[PDB]
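Notes follow once the structure below has been shown.
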Amino acid sequence: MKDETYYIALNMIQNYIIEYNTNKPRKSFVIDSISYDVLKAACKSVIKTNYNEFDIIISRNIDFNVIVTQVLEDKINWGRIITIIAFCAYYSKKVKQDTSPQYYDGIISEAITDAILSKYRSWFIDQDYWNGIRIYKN
Amino acid sequence: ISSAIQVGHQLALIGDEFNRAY
């Protein structure tokens with residue numbers, strides 16, 4: 001359900017995707033700013049390294065939620081989480097509507113949150129939520 | 001890449017490599 005854990009996950013992911021799309025700082029809207037900055041830097045690295053591959057992936061008739069659930073079907077780790085968020089941020093900006101400021105941050109962030117918490121809620125809590133991402137600080 | 005390699009499979013490899021690199 002949509003409990004505290006759900007919002008701890010969702011609020012981090014959705015604020016990052018908003019920042020990526022709008023180029024406005026969103027760290028002050030999350031509780032864990034240190035881990036947000038780690039997430040942001042790690043996604044930036046993934047995108048810089050792999051955007052051409054992402055471009056080929058997105059040129060096809062894709063459902064992003066199938067992609068997300070495929071990554072997490074059998075196991076989770078922080079590199080996987082970072083790569084999902086990075087890909088999905090990159091995707092969101094590419095699929096933004098021309099005639100509205102709709103970049104689908106709601107459905108995309110909720111899908112990522114649900115894919116994490118449907119099978120890995122105890123793992124996430126045991127990581128102390130986003131604290132476990134700090135192993136990727138620089 | 002072969003169309004038999006699922007897209008999530010490709011992103012999982014990126015993520016597991018990211019762990020190694022960092």
Average Cα contact separation per residue, segment A:16-138, under 8 Å, 6 or more apart, as relative contact order %: 36 percent
Derived scalar couplings ³J(HN,Hα) [segment A:69-75; Karplus, 6.51 cos²θ - 1.76 cosθ + 1.60; whole Hz; x for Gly, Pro]: 5, 4, 4, 9, 5, 10, 7
Contour minus Cα-Cα distance for A:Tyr7 and A:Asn61 (0.36 nm per residue): 16.4 nm
Chain A: translational diffusion in µm²/s, Stokes-Einstein, Kirkwood Rh over Cα pairs, 25 °C, 0.890 mPa s: 162 µm²/s
Label point distance in nm, B:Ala21-A:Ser122, each placed 7 Å from Cα along Cα→Cβ: 3.3 nm
Partner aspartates and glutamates for A:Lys94 [C-alpha distance under 20 Å; skip if fewer than 8 residues away on the same chain]: A:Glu19, A:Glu53, A:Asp55, A:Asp63, A:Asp105, A:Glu110
Whole-Hz couplings from phi, Karplus 6.51/-1.76/1.60, listed for segment A:112-118; x for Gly and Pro: 5, 4, 5, 5, 5, 7, 5
Peptide A:63-70, shielding by other chains (average Cβ, 10 Å cutoff): 3
Rounded to 10°, Cα long-axis angle of helix A:78-94 versus longest principal axis of chain A: 30 degrees
Mean residue ellipticity (222 nm) of chain A, computed from DSSP H runs ≥ 4 via -39,500 (n - 2.57), nearest 500: -22500 deg cm²/dmol
Simple label model, 7 Å out from Cα along Cβ direction - A:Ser100 to A:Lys48, nm: 3.5 nm
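Because the Cβ atoms are built from the backbone with ideal geometry, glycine has one as well, and the counts that use them run over all protein chains shown. Every read-out reported here was derived from the displayed coordinates using simple, explicitly stated rules and does not represent laboratory data.
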